[PDB]
Amino acid sequence: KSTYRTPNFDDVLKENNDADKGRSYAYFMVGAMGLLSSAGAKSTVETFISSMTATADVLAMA
Amino acid sequence: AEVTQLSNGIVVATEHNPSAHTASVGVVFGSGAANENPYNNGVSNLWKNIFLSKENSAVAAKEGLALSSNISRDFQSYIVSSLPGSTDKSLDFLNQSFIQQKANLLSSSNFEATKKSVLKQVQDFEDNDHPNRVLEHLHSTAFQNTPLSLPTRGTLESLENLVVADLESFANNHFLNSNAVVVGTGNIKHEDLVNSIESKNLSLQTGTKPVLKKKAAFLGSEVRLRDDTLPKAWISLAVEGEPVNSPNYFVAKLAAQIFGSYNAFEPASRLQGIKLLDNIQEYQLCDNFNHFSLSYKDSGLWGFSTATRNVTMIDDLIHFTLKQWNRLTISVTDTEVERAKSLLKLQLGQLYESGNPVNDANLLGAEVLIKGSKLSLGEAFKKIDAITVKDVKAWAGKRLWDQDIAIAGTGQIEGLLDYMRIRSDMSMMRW
Amino acid sequence: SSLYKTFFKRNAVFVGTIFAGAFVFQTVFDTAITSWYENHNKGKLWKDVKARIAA
Ligand SMILES: CCCCCCCCCCCO[C@@H]1O[C@H](CO)[C@@H](O[C@H]2O[C@H](CO)[C@@H](O)[C@H](O)[C@H]2O)[C@H](O)[C@H]1O
């Protein structure tokens with residue numbers, strides 16, 4: 001077979017009527033994953049950092 | 001520097017130049033490999049070869065005429081060169097081969113001898129011309145299932161299954177009057193040629209128009225022709241470029257001049273004012289590279305091609321090259337642009353004004369077929385000098401920044417990383 | 001989706017915007033969850049028990 005005859009990708013290729021269709025979806029997903037991760041990391045860090053603050057039993061009002 | 005073009009029944013285009021010594025005459029049709037099908041692919045190249053066949057060529061040699069033909073994507077041309085005095089005898093041979101002998105050239109003994117020659121011709125190309133082979137496959141994948149994907153020389157399988165009838169069918173559908181332009185370059189006058197043409201009447205298939213098709217489109221993709229037996233790796237990479245008659249036609253060509261071409265063995269080449277050279281010369285990432293801005297009727301390709309024996313560092317070659325291209329959107333300098341302008345003029349000049357009329361014919365013909373006229377060399381320079389850093393940035397931010405690419409390569413390309421890795425380098429991280 | 005191309009225009013969302021949105025999310029999300037949680041458990045909470053007490 002001739003290498004110049006590219007195999008069929010029709011089943012995978014999107015009928016390009018909206019050029020930035022896959023891009024907008026991918027970037028939204030990537031962006032949302034980045035958002036929820038950053039909030040998660042912040043919460044995780046604060047959880048550990050706050051474990052070092054004065055314990056409930058040592059806040060005695062003399 | 002005169003661009004004269006008038007229309008009677010046929011459109012005549014000429015560009016006279018006093019001192020020339022010779023004159024070239026020929027017809028250029030507005031159809032090429034981009035008009036063929038995957039199955040009759042190579043018919044145009046086949047036509048070119050019989051037009052230059054020993055028989056037809058000997059008839060012109062006796063008369064003291066030289067033949068030349070060129071098969072491209074958007075067009076096709078048949079040229080006859082002669083002395084300034086025999087400017088009329090070239091037209092006799094032109095008409096005699098496109099009306100009288102448009103049945104004598106297609107003999108069963110001539111066709112088979114020619115077919116056998118283009119087969120060994122196209123085979124030799126695929127077997128040894130790796131850089132052009134790669135560039136051809138680049139068009140193939142970049143424009144797959146679209147007109148620009150078909151290779152100019154045609155494929156071996158479509159060629160060997162081609163018959164005399166296919167030639168005729170193509171000739172009767174594209175070698176029409178409304179899809180043609182008679183070009184004359186050398187020293188002969190416009191009025192000198194148009195008279196000899198308007199002298200002999202006869203329309204021959206007038207009013208007939210060529211068949212239509214579907215618009216060309218760029219598809220980010222790749223074709224990897226790995227071959228570990230080859231001593232090097234040849235790669236070509238590009239983004240969707242600019243079509244001819246595009247506002248950014250020149251901005252694109254200037255952008256390619258910024259990175260230019262290189263040859264590691266030429267002392268002077270290693271000294272060019274190209275920032276990319278600081279990166280690639282340390283470990284000698286390649287033997288050579290060259291950027292280009294290919295333009296066609298419906299689309300184009302902007303990118304580069306390269307050859308290398310440093311098979312374990314191909315990723316650095318691609319990485320440094322793409323980082324430089326990133327600069328066009330964010331930090332290209334005034335002096336880089338200015339250096340490009342000067343060098344673009346020098347190269348554009350050396351092309352448009354060579355001491356060979358056959359090149360002039362192809363350049364003139366191809367232009368008038370698309371825009372109905374030719375932009376003067378002096379007009380180009382005005383457009384080139386008018387380009388600012390802001391223009392290049394706006395162009396790059398639209399054509400290069402975070403845009404799909406097309407890749408093709410052959411030889412020892414194990415080190416050429418996956419698509420996504422290359423594609424990710426079309427941009428940079430930022431706050 | 002053209003809704004994306006209005007705010008970010010074919011480009012990915014940048015870290016700064018991601019970080020900024022994260023601080024906003026944290027506050028909003030917490031209130032939304034606490035509200036639903038306390039409402040779902042109406043009657044069982046100490047807030048509710050204290051209302052039924054007077055001393
Ligand atoms: C481990 C603790 C977790 C910390 C948080 C996780 C990391 C969040 C990273 C968030 C955003 O990081 C961001 O990524 C996008 C790509 O996705 C980058 O975008 C870059 O690549 C994209 C994609 O080719 C281009 O469109 C864009 O023009 C370019 O700038 C952006 O400049 C960077 O700022």
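Counting starts at 1 for both ligands and their atoms, in listed order. Side chains included, hydrogens not; waters and symmetry mates left out as well; all remaining heavy atoms used. Naming: A, B, ... by sequence-line order, numbering from 1 per chain.
Of the protein's non-hydrogen atoms, the one nearest atom 12 (O) of ligand 1 is C/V15 CG1, 3.5 Å. Of all protein heavy atoms, the one lying nearest to atom 32 (O) of ligand 1 is B/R430 N, 3.0 Å. Annotation: atom 3 (C) of ligand 1 to nearest protein heavy atom, A/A41 CB, 4.4 Å. For atom 22 (C) of ligand 1, the nearest non-hydrogen atom of the protein is C/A12 CB, 3.6 Å. Of all protein heavy atoms, the one lying nearest to atom 28 (O) of ligand 1 is B/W401 NE1, 3.1 Å. The protein heavy atom nearest to atom 27 (C) of ligand 1 is C/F14 CE2, 4.1 Å. Scanning all protein heavy atoms for the shortest distance to atom 18 (C) of ligand 1 gives B/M429 SD, 3.9 Å. Regarding atom 25 (C) of ligand 1, its nearest protein heavy-atom neighbour is B/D402 OD2, 3.5 Å.
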Apply ring pair (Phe, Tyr, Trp, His ring centres under 6.0 Å) to the pair B/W302 and B/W395, showing each step before the final yes or no. CA-CA 12 Å; B/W302 188 102; B/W395 176 79; 5.6 Å; yes

Between B/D418 and B/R423, does the salt bridge (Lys or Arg N to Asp or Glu O under 4.0 Å) criterion hold? Intermediate values first, please. CA-CA 9 Å; B/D418 57 290; B/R423 172 63 219 260; over 6 Å; no

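Although no hydrogens or angles enter the test, the distance criterion places no donor-acceptor pair under 3.5 Å between the side chain of B/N37 and the main chain of B/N40. At distances below 3.5 Å, at least one donor-acceptor pair connects side-chain atoms of B/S149 with backbone N or O atoms of B/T146. Distance alone, capped at 3.5 Å, is enough to place a donor-acceptor pair between the B/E36 side chain and the B/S44 backbone. Remark: the backbone N or O of B/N362 is not paired with any side-chain donor or acceptor of B/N70 at under 3.5 angstrom.
Ring to ring, B/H137 and B/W234 are not that close: their centroids are 6.0 angstrom or more apart. A centroid separation of less than 6.0 Å is found between the aromatic rings of B/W431 and C/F19.
At a distance under 4.0 Å, a protein heavy atom can be found next to atom 9 (C) of ligand 1. For atom 15 (C) of ligand 1, a protein non-hydrogen atom is found at a distance below 4.0 Å.
For the residue pair A/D57 / A/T55, a side-chain donor-acceptor distance below 3.5 Å is found, with atom types taken as modelled.
A cation-pi arrangement is absent between B/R270 and B/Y262, since the terminal nitrogen or guanidinium carbon is not both under 6.0 Å from the aromatic centre and inside a 45° cone about the axis. Geometrically, B/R133 does not engage B/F125 in a cation-pi contact, judged by NZ or CZ lying under 6.0 Å from the ring centre and within 45° of the ring axis.
With a 4.0 Å heavy-atom cut-off, ligand 1 is reached by the backbone of B/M428 but not by any atom from C-beta on.
Which of A/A39, A/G40, B/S427, A/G34 comes nearest to atom 21 (O) of ligand 1 through a heavy atom is settled by distance: it is B/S427.
Near A/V30, with a cut-off below 4.0 Å to any heavy atom, the atoms of ligand 1 are 17 (O). For ligand 1, the atoms lying closer than 4.0 Å to a non-hydrogen atom of C/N11 are 26 (O), 28 (O). Distances below 4.0 Å separate heavy atoms of A/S38 from the following atoms of ligand 1: 5 (C). Ligand 1 places these atoms under 4.0 Å from at least one heavy atom of A/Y27: 23 (C), 24 (O), 26 (O).
Proximity of C/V13 to ligand 1 is established by a heavy-atom distance of less than 4.0 Å.
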